[PDB]
Amino acid sequence: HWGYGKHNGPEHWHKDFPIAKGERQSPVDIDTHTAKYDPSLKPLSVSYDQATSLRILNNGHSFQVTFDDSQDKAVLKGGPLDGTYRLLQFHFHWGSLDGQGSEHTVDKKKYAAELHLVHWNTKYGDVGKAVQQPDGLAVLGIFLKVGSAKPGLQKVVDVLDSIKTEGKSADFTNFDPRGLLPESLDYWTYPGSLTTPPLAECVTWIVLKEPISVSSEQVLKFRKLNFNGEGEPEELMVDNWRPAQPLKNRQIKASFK
Ligand SMILES: [N]S(=O)(=O)[C][C][C]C1234B567B89%10B5%11%12B5%13%14B%15%16%17B8%18(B961B%18%152B5%163B%11%1374)C%10%12%14%17
Ligand SMILES: [Zn+2]
């Protein structure tokens, strides 16, 4: 029932998921002048060399690439994190035009899209258990701006025609998510939540300062997807982003000066 439209969008979500109005909701605006450099923060450790992608899926809210998370193959550690977080999937949020689409904003600036690599804490054993914990998930967030093409995104873009509508999926093996990363791993971090229902307050957010550049042709292919199932009135999958939420009693910390 939930979505991003007038009648089921972010302003409605609190009725089914009252934590929508909680103390540690995501996304937020990153005020770069207020974020405190924290020299105790470690560099982020991103170990994706043995990542095993499985499937690409249109879930009705975004598209996602799922990975084998039954061993420590593709893991996030270090940074603000204690212990080891396994990559489960990545997905994106994007706009109807280039001036909106990201969930986090930086000094109120919206990017055209935002990539989320979702990882869960292996000390909880599975992702259902992890989402019930305040340190269950770590989501690595990467901004997209429109410019030059991102070569490492092209293999994703070229199969989107095969998953146009909600429920469709396809084989998507041997995809290397290292090809989605910017040069710098400089980041901001804060405690937050899932940005979709169930909005569980279980996420350590790690948002990279450096955006990736994607081409107008790449993002245009995101915009051809459909929220609807096949045979329903065609409603383009665009503006699938939750707006910034109140920061409340939270501090955003920077890994960099
Ligand atoms: N936009 S976001 O905060 O990364 C939430 C992404 C959606 C999900 B929530 B649940 B938790 B894990 B799986 B399923 B839904 B799916 B993934 B994360 C599980
Ligand atoms: Zn997301």
# chains A, B, ... in the order shown; residues from 1 in each chain; ligands from 1
>>> residues_near_ligand(ligand="ligand 2", cutoff="7 Å", atoms="only C-alpha atoms and all ligand atoms", output="PDB file with C-alpha atoms, in the first residue's frame")
ATOM      1  CA  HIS A  91      19.495   0.057  -4.884  1.00  0.00           C
ATOM      2  CA  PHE A  92      18.929   3.695  -5.902  1.00  0.00           C
ATOM      3  CA  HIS A  93      16.646   6.665  -5.359  1.00  0.00           C
ATOM      4  CA  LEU A 115      22.990   4.866  -4.297  1.00  0.00           C
ATOM      5  CA  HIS A 116      22.549   2.791  -1.127  1.00  0.00           C
ATOM      6  CA  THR A 195      14.379   5.512   4.591  1.00  0.00           C
TER       7      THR A 195
END
>>> select_by_dssp(residues="range 11-244 of chain A", states="helix (DSSP H, G or I)", output="ChimeraX atom specification")
/A:11-15,18-21,122-124,127-130,151-157,160-163,177-180,216-222
>>> closest_residue(among="A:99, A:43, A:246, A:211", to="residue 77 in chain A", atoms="only C-alpha atoms")
A:43
>>> atom_distance(atom1="CA of residue 18 in chain A", atom2="CA of residue 245 in chain A")
14.0 Å
>>> residues_around(residues="residue 40 in chain A", least_positions_apart="3", cutoff="12 Å", atoms="only C-alpha atoms", output="number ranges by chain")
A: 36-37, 43, 78-81, 253-256
>>> write_last_selection(atoms="N, CA and C atoms", output="PDB file, in the first residue's frame")
ATOM      1  N   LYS A  36      31.096  17.889  12.673  1.00  0.00           N
ATOM      2  CA  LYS A  36      32.365  17.987  13.388  1.00  0.00           C
ATOM      3  C   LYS A  36      33.344  16.966  12.822  1.00  0.00           C
ATOM      4  N   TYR A  37      34.510  17.417  12.404  1.00  0.00           N
ATOM      5  CA  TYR A  37      35.591  16.485  12.119  1.00  0.00           C
ATOM      6  C   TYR A  37      35.907  15.641  13.376  1.00  0.00           C
ATOM      7  N   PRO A  43      39.532   4.980   8.911  1.00  0.00           N
ATOM      8  CA  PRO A  43      39.109   4.959   7.501  1.00  0.00           C
ATOM      9  C   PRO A  43      38.163   3.780   7.267  1.00  0.00           C
ATOM     10  N   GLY A  78      35.321  -1.030   9.876  1.00  0.00           N
ATOM     11  CA  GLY A  78      36.069   0.200  10.167  1.00  0.00           C
ATOM     12  C   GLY A  78      35.157   1.390  10.136  1.00  0.00           C
ATOM     13  N   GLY A  79      35.707   2.554   9.815  1.00  0.00           N
ATOM     14  CA  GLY A  79      34.907   3.766   9.884  1.00  0.00           C
ATOM     15  C   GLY A  79      34.343   3.902  11.292  1.00  0.00           C
ATOM     16  N   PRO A  80      33.033   4.197  11.408  1.00  0.00           N
ATOM     17  CA  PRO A  80      32.402   4.260  12.712  1.00  0.00           C
ATOM     18  C   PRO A  80      31.959   2.900  13.231  1.00  0.00           C
ATOM     19  N   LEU A  81      32.175   1.833  12.471  1.00  0.00           N
ATOM     20  CA  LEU A  81      31.556   0.548  12.750  1.00  0.00           C
ATOM     21  C   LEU A  81      32.413  -0.293  13.689  1.00  0.00           C
ATOM     22  N   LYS A 253      29.090  13.537  12.097  1.00  0.00           N
ATOM     23  CA  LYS A 253      30.540  13.566  12.281  1.00  0.00           C
ATOM     24  C   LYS A 253      31.174  13.392  10.890  1.00  0.00           C
ATOM     25  N   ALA A 254      32.299  14.040  10.657  1.00  0.00           N
ATOM     26  CA  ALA A 254      33.000  13.940   9.382  1.00  0.00           C
ATOM     27  C   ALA A 254      34.289  13.167   9.593  1.00  0.00           C
ATOM     28  N   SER A 255      34.649  12.311   8.635  1.00  0.00           N
ATOM     29  CA  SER A 255      35.940  11.607   8.665  1.00  0.00           C
ATOM     30  C   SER A 255      37.137  12.445   8.214  1.00  0.00           C
ATOM     31  N   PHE A 256      36.888  13.658   7.727  1.00  0.00           N
ATOM     32  CA  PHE A 256      37.868  14.465   7.006  1.00  0.00           C
ATOM     33  C   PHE A 256      37.809  15.913   7.501  1.00  0.00           C
TER      34      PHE A 256
END
>>> closest_residue(among="A:139, A:57, A:160, A:75", to="residue 122 in chain A", atoms="only C-alpha atoms")
A:75
>>> select_by_dssp(residues="range 20-96 of chain A", states="strand (DSSP E)", output="PyMOL selection string")
chain A and resi 29-30+36-37+44-47+53-58+63-67+75-78+85-94
>>> decode(residues="range 17-59 of chain A", atoms="N, CA and C atoms", output="PDB file, in the first residue's frame")
ATOM      1  N   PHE A  17       3.433   3.107  10.160  1.00  0.00           N
ATOM      2  CA  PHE A  17       4.755   2.964  10.753  1.00  0.00           C
ATOM      3  C   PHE A  17       5.001   4.205  11.606  1.00  0.00           C
ATOM      4  N   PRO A  18       4.445   4.244  12.839  1.00  0.00           N
ATOM      5  CA  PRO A  18       4.524   5.464  13.656  1.00  0.00           C
ATOM      6  C   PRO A  18       5.942   5.926  14.038  1.00  0.00           C
ATOM      7  N   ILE A  19       6.933   5.020  13.955  1.00  0.00           N
ATOM      8  CA  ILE A  19       8.304   5.422  14.143  1.00  0.00           C
ATOM      9  C   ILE A  19       8.771   6.438  13.092  1.00  0.00           C
ATOM     10  N   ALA A  20       7.996   6.622  12.027  1.00  0.00           N
ATOM     11  CA  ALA A  20       8.234   7.724  11.060  1.00  0.00           C
ATOM     12  C   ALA A  20       8.492   9.079  11.679  1.00  0.00           C
ATOM     13  N   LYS A  21       7.899   9.328  12.856  1.00  0.00           N
ATOM     14  CA  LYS A  21       8.092  10.564  13.628  1.00  0.00           C
ATOM     15  C   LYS A  21       9.039  10.390  14.816  1.00  0.00           C
ATOM     16  N   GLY A  22       9.922   9.393  14.753  1.00  0.00           N
ATOM     17  CA  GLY A  22      10.808   9.062  15.865  1.00  0.00           C
ATOM     18  C   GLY A  22      12.006   9.989  15.982  1.00  0.00           C
ATOM     19  N   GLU A  23      12.886   9.618  16.894  1.00  0.00           N
ATOM     20  CA  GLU A  23      14.023  10.453  17.267  1.00  0.00           C
ATOM     21  C   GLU A  23      15.241  10.280  16.348  1.00  0.00           C
ATOM     22  N   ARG A  24      15.287   9.270  15.482  1.00  0.00           N
ATOM     23  CA  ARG A  24      16.510   9.050  14.667  1.00  0.00           C
ATOM     24  C   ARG A  24      16.184   8.619  13.240  1.00  0.00           C
ATOM     25  N   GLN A  25      15.339   9.431  12.595  1.00  0.00           N
ATOM     26  CA  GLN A  25      14.883   9.144  11.259  1.00  0.00           C
ATOM     27  C   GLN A  25      15.833   9.644  10.211  1.00  0.00           C
ATOM     28  N   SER A  26      15.801   8.953   9.070  1.00  0.00           N
ATOM     29  CA  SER A  26      16.596   9.281   7.862  1.00  0.00           C
ATOM     30  C   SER A  26      15.732   9.468   6.610  1.00  0.00           C
ATOM     31  N   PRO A  27      16.196  10.218   5.600  1.00  0.00           N
ATOM     32  CA  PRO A  27      17.465  10.901   5.544  1.00  0.00           C
ATOM     33  C   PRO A  27      17.431  12.214   6.329  1.00  0.00           C
ATOM     34  N   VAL A  28      18.553  12.918   6.325  1.00  0.00           N
ATOM     35  CA  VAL A  28      18.717  14.263   6.906  1.00  0.00           C
ATOM     36  C   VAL A  28      19.531  15.121   5.967  1.00  0.00           C
ATOM     37  N   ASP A  29      19.409  16.440   6.162  1.00  0.00           N
ATOM     38  CA  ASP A  29      20.296  17.410   5.549  1.00  0.00           C
ATOM     39  C   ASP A  29      21.612  17.406   6.280  1.00  0.00           C
ATOM     40  N   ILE A  30      22.708  17.306   5.530  1.00  0.00           N
ATOM     41  CA  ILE A  30      24.074  17.373   6.085  1.00  0.00           C
ATOM     42  C   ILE A  30      24.533  18.823   5.987  1.00  0.00           C
ATOM     43  N   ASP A  31      24.526  19.528   7.126  1.00  0.00           N
ATOM     44  CA  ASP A  31      25.019  20.916   7.212  1.00  0.00           C
ATOM     45  C   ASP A  31      26.532  20.798   7.418  1.00  0.00           C
ATOM     46  N   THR A  32      27.283  21.065   6.354  1.00  0.00           N
ATOM     47  CA  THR A  32      28.732  20.791   6.306  1.00  0.00           C
ATOM     48  C   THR A  32      29.557  21.641   7.271  1.00  0.00           C
ATOM     49  N   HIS A  33      29.033  22.828   7.592  1.00  0.00           N
ATOM     50  CA  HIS A  33      29.677  23.698   8.562  1.00  0.00           C
ATOM     51  C   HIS A  33      29.446  23.266  10.025  1.00  0.00           C
ATOM     52  N   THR A  34      28.364  22.549  10.297  1.00  0.00           N
ATOM     53  CA  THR A  34      28.066  22.024  11.629  1.00  0.00           C
ATOM     54  C   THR A  34      28.608  20.603  11.893  1.00  0.00           C
ATOM     55  N   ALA A  35      28.793  19.797  10.855  1.00  0.00           N
ATOM     56  CA  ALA A  35      29.389  18.472  11.044  1.00  0.00           C
ATOM     57  C   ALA A  35      30.794  18.628  11.608  1.00  0.00           C
ATOM     58  N   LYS A  36      31.096  17.889  12.673  1.00  0.00           N
ATOM     59  CA  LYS A  36      32.365  17.987  13.388  1.00  0.00           C
ATOM     60  C   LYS A  36      33.344  16.966  12.822  1.00  0.00           C
ATOM     61  N   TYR A  37      34.510  17.417  12.404  1.00  0.00           N
ATOM     62  CA  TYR A  37      35.591  16.485  12.119  1.00  0.00           C
ATOM     63  C   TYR A  37      35.907  15.641  13.376  1.00  0.00           C
ATOM     64  N   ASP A  38      35.985  14.327  13.238  1.00  0.00           N
ATOM     65  CA  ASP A  38      36.265  13.419  14.375  1.00  0.00           C
ATOM     66  C   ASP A  38      37.523  12.625  14.042  1.00  0.00           C
ATOM     67  N   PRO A  39      38.679  13.061  14.579  1.00  0.00           N
ATOM     68  CA  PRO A  39      39.918  12.332  14.245  1.00  0.00           C
ATOM     69  C   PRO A  39      40.029  10.933  14.841  1.00  0.00           C
ATOM     70  N   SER A  40      39.126  10.553  15.750  1.00  0.00           N
ATOM     71  CA  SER A  40      39.071   9.162  16.208  1.00  0.00           C
ATOM     72  C   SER A  40      38.409   8.205  15.213  1.00  0.00           C
ATOM     73  N   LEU A  41      37.668   8.726  14.229  1.00  0.00           N
ATOM     74  CA  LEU A  41      37.039   7.852  13.217  1.00  0.00           C
ATOM     75  C   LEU A  41      38.120   7.210  12.352  1.00  0.00           C
ATOM     76  N   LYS A  42      38.056   5.891  12.202  1.00  0.00           N
ATOM     77  CA  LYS A  42      38.942   5.141  11.289  1.00  0.00           C
ATOM     78  C   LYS A  42      38.582   5.311   9.813  1.00  0.00           C
ATOM     79  N   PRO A  43      39.532   4.980   8.911  1.00  0.00           N
ATOM     80  CA  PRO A  43      39.109   4.959   7.501  1.00  0.00           C
ATOM     81  C   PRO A  43      38.163   3.780   7.267  1.00  0.00           C
ATOM     82  N   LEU A  44      37.253   3.948   6.306  1.00  0.00           N
ATOM     83  CA  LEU A  44      36.302   2.918   5.971  1.00  0.00           C
ATOM     84  C   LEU A  44      37.069   1.799   5.265  1.00  0.00           C
ATOM     85  N   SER A  45      36.717   0.564   5.592  1.00  0.00           N
ATOM     86  CA  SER A  45      37.275  -0.626   4.946  1.00  0.00           C
ATOM     87  C   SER A  45      36.154  -1.215   4.113  1.00  0.00           C
ATOM     88  N   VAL A  46      36.303  -1.163   2.791  1.00  0.00           N
ATOM     89  CA  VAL A  46      35.318  -1.705   1.831  1.00  0.00           C
ATOM     90  C   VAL A  46      35.982  -2.881   1.129  1.00  0.00           C
ATOM     91  N   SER A  47      35.595  -4.098   1.480  1.00  0.00           N
ATOM     92  CA  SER A  47      36.161  -5.314   0.889  1.00  0.00           C
ATOM     93  C   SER A  47      35.129  -5.991   0.032  1.00  0.00           C
ATOM     94  N   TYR A  48      35.093  -5.594  -1.242  1.00  0.00           N
ATOM     95  CA  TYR A  48      34.175  -6.164  -2.218  1.00  0.00           C
ATOM     96  C   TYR A  48      34.831  -7.091  -3.254  1.00  0.00           C
ATOM     97  N   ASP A  49      36.134  -7.347  -3.167  1.00  0.00           N
ATOM     98  CA  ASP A  49      36.785  -8.173  -4.191  1.00  0.00           C
ATOM     99  C   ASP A  49      36.106  -9.551  -4.452  1.00  0.00           C
ATOM    100  N   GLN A  50      35.508 -10.178  -3.438  1.00  0.00           N
ATOM    101  CA  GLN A  50      34.848 -11.499  -3.606  1.00  0.00           C
ATOM    102  C   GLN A  50      33.316 -11.457  -3.650  1.00  0.00           C
ATOM    103  N   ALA A  51      32.761 -10.280  -3.945  1.00  0.00           N
ATOM    104  CA  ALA A  51      31.329 -10.110  -4.019  1.00  0.00           C
ATOM    105  C   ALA A  51      30.725 -11.025  -5.077  1.00  0.00           C
ATOM    106  N   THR A  52      29.572 -11.625  -4.733  1.00  0.00           N
ATOM    107  CA  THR A  52      28.825 -12.515  -5.613  1.00  0.00           C
ATOM    108  C   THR A  52      27.419 -11.961  -5.788  1.00  0.00           C
ATOM    109  N   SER A  53      27.200 -11.230  -6.875  1.00  0.00           N
ATOM    110  CA  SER A  53      25.851 -10.730  -7.149  1.00  0.00           C
ATOM    111  C   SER A  53      24.998 -11.917  -7.629  1.00  0.00           C
ATOM    112  N   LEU A  54      23.705 -11.866  -7.327  1.00  0.00           N
ATOM    113  CA  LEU A  54      22.740 -12.916  -7.704  1.00  0.00           C
ATOM    114  C   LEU A  54      21.686 -12.490  -8.735  1.00  0.00           C
ATOM    115  N   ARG A  55      20.907 -11.491  -8.368  1.00  0.00           N
ATOM    116  CA  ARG A  55      19.670 -11.140  -9.082  1.00  0.00           C
ATOM    117  C   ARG A  55      19.485  -9.621  -9.140  1.00  0.00           C
ATOM    118  N   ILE A  56      18.807  -9.126 -10.174  1.00  0.00           N
ATOM    119  CA  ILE A  56      18.363  -7.722 -10.223  1.00  0.00           C
ATOM    120  C   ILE A  56      16.847  -7.778 -10.184  1.00  0.00           C
ATOM    121  N   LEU A  57      16.216  -6.922  -9.381  1.00  0.00           N
ATOM    122  CA  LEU A  57      14.771  -7.074  -9.058  1.00  0.00           C
ATOM    123  C   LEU A  57      14.168  -5.674  -9.042  1.00  0.00           C
ATOM    124  N   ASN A  58      13.027  -5.495  -9.717  1.00  0.00           N
ATOM    125  CA  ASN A  58      12.135  -4.339  -9.501  1.00  0.00           C
ATOM    126  C   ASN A  58      11.168  -4.693  -8.391  1.00  0.00           C
ATOM    127  N   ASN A  59      11.339  -4.041  -7.238  1.00  0.00           N
ATOM    128  CA  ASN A  59      10.532  -4.303  -6.019  1.00  0.00           C
ATOM    129  C   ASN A  59       9.319  -3.383  -5.862  1.00  0.00           C
TER     130      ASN A  59
END
